[PDB]
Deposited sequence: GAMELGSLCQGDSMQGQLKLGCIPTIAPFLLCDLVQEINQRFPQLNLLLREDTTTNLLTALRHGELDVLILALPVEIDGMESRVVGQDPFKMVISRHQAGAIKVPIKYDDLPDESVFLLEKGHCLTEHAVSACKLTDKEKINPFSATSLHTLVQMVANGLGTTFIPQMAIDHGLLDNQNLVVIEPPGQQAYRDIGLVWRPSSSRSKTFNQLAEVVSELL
């Protein structure tokens, strides 16, 4: 984009994204858009899932980038890729917890999770088969950065999306990336927008670019 644009993939686009995707995925999306579609100014809103859906319905955003599945009511969605889940612990408790990790052998009030309202918590404990709630610590986190920082202090473990690890969220925090126990875990990444939109061809070309980054 540019500060000044002159006279489908051109113009302005208001995009919403969740706090568990925006810091890690939108960095590479901007560099692709800067080169492929130079005259596409891209404005960004980072908010939780239900708030972004409200902003889309009220016409304040043109398209969303969410983690699926979530209740989207009547909007149109397109999955563009999958984002694996991993577990992280510090190297102080690397001997206190065995790999392959198993939930029932862990001490309880050790699994830290984000505040409800972040779709990551419900997606993690569903993709990863975390059924024993007593594992979960009562103190819930309010951001993904502070969630990793508590795990870096050795207070337990958590589930981290792969795109955050690829972006370097765990850098210099002395952590180990452990495969999640049980069954395979991941989350769907898709674009959400209203059916009453003439920019369907603009959203789908962008959905192809996001599909290449995953």
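Undergrad: Unmodelled stretches of the deposited sequence, numbered from 1?
TA: Model skips only 8-12 of the deposited chain.
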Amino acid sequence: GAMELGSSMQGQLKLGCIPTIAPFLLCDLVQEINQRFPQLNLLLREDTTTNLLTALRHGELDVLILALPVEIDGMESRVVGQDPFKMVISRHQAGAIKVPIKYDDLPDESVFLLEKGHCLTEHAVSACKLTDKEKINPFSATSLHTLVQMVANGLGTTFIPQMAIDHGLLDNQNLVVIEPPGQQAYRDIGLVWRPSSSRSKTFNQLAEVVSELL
From here on, numbers count along this sequence of modelled residues.
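Undergrad: Out of 36-44 and 178-186, which stretch has the higher average CA B-factor listed in the record?
TA: Looking at the record's C-alpha B-factors, the answer is 178-186.
Undergrad: On mean C-alpha B-factor from the PDB entry, just flag whether 148-156 or 25-33 is the higher one.
TA: Looking at the record's C-alpha B-factors, the answer is 148-156.
Undergrad: Between 77, 110, 142, 121, let me know which has the highest C-alpha B-factor in the entry?
TA: The record points to 110.
Undergrad: Comparing against every modelled residue in the chain, figure out the third that the C-alpha B-factor of residue 204 lands in (lowest, middle or highest).
TA: Middle third by C-alpha B-factor.
Undergrad: Based on the deposited C-alpha B factors for this chain, I'd like to know if residue 126 is in the lowest, middle or highest third.
TA: Middle third of the chain for residue 126's C-alpha B-factor.
Undergrad: C-alpha B factor of residue 15, ranked within the chain: lowest, middle or highest third?
TA: Lowest third, going by the recorded CA B-factors of the chain.
Undergrad: Among the chain's modelled residues, which third holds the C-alpha B-factor of residue 100?
TA: As the PDB entry reports it, the C-alpha B-factor of residue 100 lands in the highest third of its chain.
Undergrad: Of the three thirds of its chain by CA temperature factor, lowest, middle or highest, which one includes residue 87?
TA: It falls in the bottom third of the chain.
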